[PDB]
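Asks:
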Amino acid sequence: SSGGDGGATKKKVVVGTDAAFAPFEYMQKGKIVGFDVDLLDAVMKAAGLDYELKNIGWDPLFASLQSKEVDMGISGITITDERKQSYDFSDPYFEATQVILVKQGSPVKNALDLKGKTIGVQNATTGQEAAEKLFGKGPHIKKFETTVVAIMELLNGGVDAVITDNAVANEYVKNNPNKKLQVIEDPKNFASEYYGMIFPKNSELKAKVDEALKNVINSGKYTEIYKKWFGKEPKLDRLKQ
Ligand SMILES: NC(=[NH2+])NCCC[C@H](N)C(=O)O
Numbered sequence: 011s012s013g014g015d016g017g018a019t020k021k022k023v024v025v026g027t028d029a030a031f032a033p034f035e036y037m038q039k040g041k042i043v044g045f046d047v048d049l050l051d052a053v054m055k056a057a058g059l060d061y062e063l064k065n066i067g068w069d070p071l072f073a074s075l076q077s078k079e080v081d082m083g084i085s086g087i088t089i090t091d092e093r094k095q096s097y098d099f100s101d102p103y104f105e106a107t108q109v110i111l112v113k114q115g116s117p118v119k120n121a122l123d124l125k126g127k128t129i130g131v132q133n134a135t136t137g138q139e140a141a142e143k144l145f146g147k148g149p150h151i152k153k154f155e156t157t158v159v160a161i162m163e164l165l166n167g168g169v170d171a172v173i174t175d176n177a178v179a180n181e182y183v184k185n186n187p188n189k190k191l192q193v194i195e196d197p198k199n200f201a202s203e204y205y206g207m208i209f210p211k212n213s214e215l216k217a218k219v220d221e222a223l224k225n226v227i228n229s230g231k232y233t234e235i236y237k238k239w240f241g242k243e244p245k246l247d248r249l250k251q
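The sequence shown begins at 11 in PDB author numbering and counts up by one.
#1: For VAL80, report the span of its beta strand (DSSP E) as first-last.
#2: When every heavy atom of ligand 1 is checked, does at least one fall within less than 7 Å of the C-beta of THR135?
#3: Can you find at least 3 beta carbon pairs, one from the region 218-226 and one from the region 142-153, that sit closer than 8 Å?
#4: Return the CA-CA distance between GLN108 and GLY14, expressed in angstroms with no decimal places.
#5: Given 7 Å as the limit, tell me if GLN132 has its C-beta closer than that to any heavy atom belonging to ligand 1.
#6: Quick check on the DSSP output: the alpha helix (DSSP H) that includes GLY26 runs from which residue to which?
#7: Considering only residues of the same chain and omitting the five flanking positions on each side of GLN192, which have a CB-CB separation below 8 Å?
#8: Quick one: give me the first and last residue of the alpha helix (DSSP H) that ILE208 is part of.
#9: Can you give me the Cβ contacts of residue 1 inside the same chain, cut-off strictly under 8 Å, excluding the 5 residues immediately before and after it?
#10: Ligand 1 heavy atoms versus the CB of residue 5: any closer than 7 Å?
#11: Would you mind giving the Cβ-Cβ distance between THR156 and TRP68, rounded to the nearest angstrom? I have them listed as a contact below 8 Å.
#12: Based on the DSSP output, what are the partners of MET37 in its beta bridges?
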């Protein structure tokens, strides 16, 4: 029993996030809110698992999954083959794509127009990878610890464009008409992406979360949550690809 409490209290599942990614997770009057926050609460409750959500940030979240200090993550995280080498994922719960966020005056009409330009991304994201895919890795791509800061460098002209997830870019534009930004989609260039909850490799929580996610989808709770954040019916068939 050394190092533990010999079972005196069942410990809570430690869930990490980077709450700087509206509408999925963000801070509002000192609380973490968003689509992921709601979906997590429904999932863990269906699983019967007491939990704590921590706003630990993006790069720390991955480091902490590796060490198993954090048991689980939800953070608008794309399921990728490279990530699967290090972590496990739940079944998918959302579909997304990368998009190009620019100022309304921008001449950018597609990804190839970014040649010779500076691109802001959040570090170690699928947006960074998509940016690197275009013309290769290099210092022309500026990497920030939050998507928030990437967008701030767009606003002040530090970068020419940001590559980030479509619902985040769309939500930012909707909430900030005064900033006169626009979203440029390039479906021939960018791939379909699916979000999953993330776990350390070999996690006992995965199977429980997959079952609870199905429970939440099947009961109609998923679509209530989706309607709350996105104002339209989900196409649930996107979750069976
Ligand atoms: N909460 C966040 N900062 N999420 C960033 C997610 C970006 C992208 N979906 C990825 O998995 O790389």
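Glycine included, every Cβ here is placed at the ideal spot set by N, Cα and C.
Replies: Checking against the coordinates, here is how it stands:
#1: Segment: none, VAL80 is in no beta strand (DSSP E) and carries neither H nor E.
#2: yes
#3: no
#4: 44 Å
#5: yes
#6: Counting along the chain, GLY26 falls outside any alpha helix (DSSP H), though it belongs to the beta strand (DSSP E) covering 23-27.
#7: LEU111, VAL112, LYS113, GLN114, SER116, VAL183
#8: No alpha helix (DSSP H) contains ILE208, which is instead part of the beta strand (DSSP E) from 208-210.
#9: Because the chain in this structure spans residues 11 to 251, residue 1 falls outside the shown range and cannot be described.
#10: Here the chain covers residues 11 to 251 and nothing more, so residue 5 does not appear.
#11: 7 Å
#12: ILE42
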